[PDB]
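Below, each chain spelled out in residue letters.
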Amino acid sequence: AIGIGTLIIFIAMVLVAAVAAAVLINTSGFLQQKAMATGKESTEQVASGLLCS
Amino acid sequence: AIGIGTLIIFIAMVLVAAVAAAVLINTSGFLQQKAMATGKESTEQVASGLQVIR
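Cut-offs applied
- Residues numbered from 1 in each chain as written, not as in the entry; some residues may be left out.
- Chains lettered and ligands numbered in written order.
- Part of a larger assembly, values for the part shown.
- Heavy atoms only, no water.
- Contact = heavy atoms within 4.5 Å.
- Buried area = accessible area lost by both parts, 1.4 Å probe.
- Salt bridge = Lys/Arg side-chain N within 4 Å of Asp/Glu carboxyl O.
- Polar contact = N/O pair within 3.5 Å; in protein donor to acceptor, adjacent residues only side chain to side chain.
- Nonpolar A, V, L, I, M, F, W, Y, C, P; charged D, E, K, R; others polar.

- Deposited coordinates in this entry are attributed by the record to cryo-EM, at a stated resolution of 3.0800 Å.

Written out as structure tokens, the structure is:
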């Protein structure tokens, strides 16, 4: 009797961990974009300019 | 004589207990595959991906 239930709830544990992992993976992706963008943009700003002759 | 019935009902009792046992053995089989697959698949999903180099 006991065995049956153990299997079923095991399935849930798997899926719930999977769903949580998805958040972390995705979020890391979402941040990767902006992280890079900010650095490149900021550098180009500080480095560039014009000078009156 | 009372003995006669006692024998006959025993035959039934055995048979019923067999049928009852069977369903658990069968169901455990069904669940085995479903569980194992669910774990494997879920693992591969998290573990894998692609990365844009340039």
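## A short note on the interface of chain A and chain B
Item 1. At the junction of the two partners, chain A supplies 8 residues and chain B supplies 9 residues.
Item 2. Both sides of the chain A and chain B interface together cover about 780 Å² of buried area, and 89% of this is carbon and sulfur.
Item 3. Three residues, A:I4, A:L7 and A:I11, lead the burial of chain A against chain B; their summed loss comes to 46% of the area buried on that side.
Item 4. Scanning the region where chain A abuts chain B turns up 0 salt bridges.
Item 5. Inspection of the region where chain A meets chain B yields 0 residue pairs in polar contact.
Item 6. Residue composition of the side of chain A that touches chain B, by class: 8 nonpolar, no polar and no charged.

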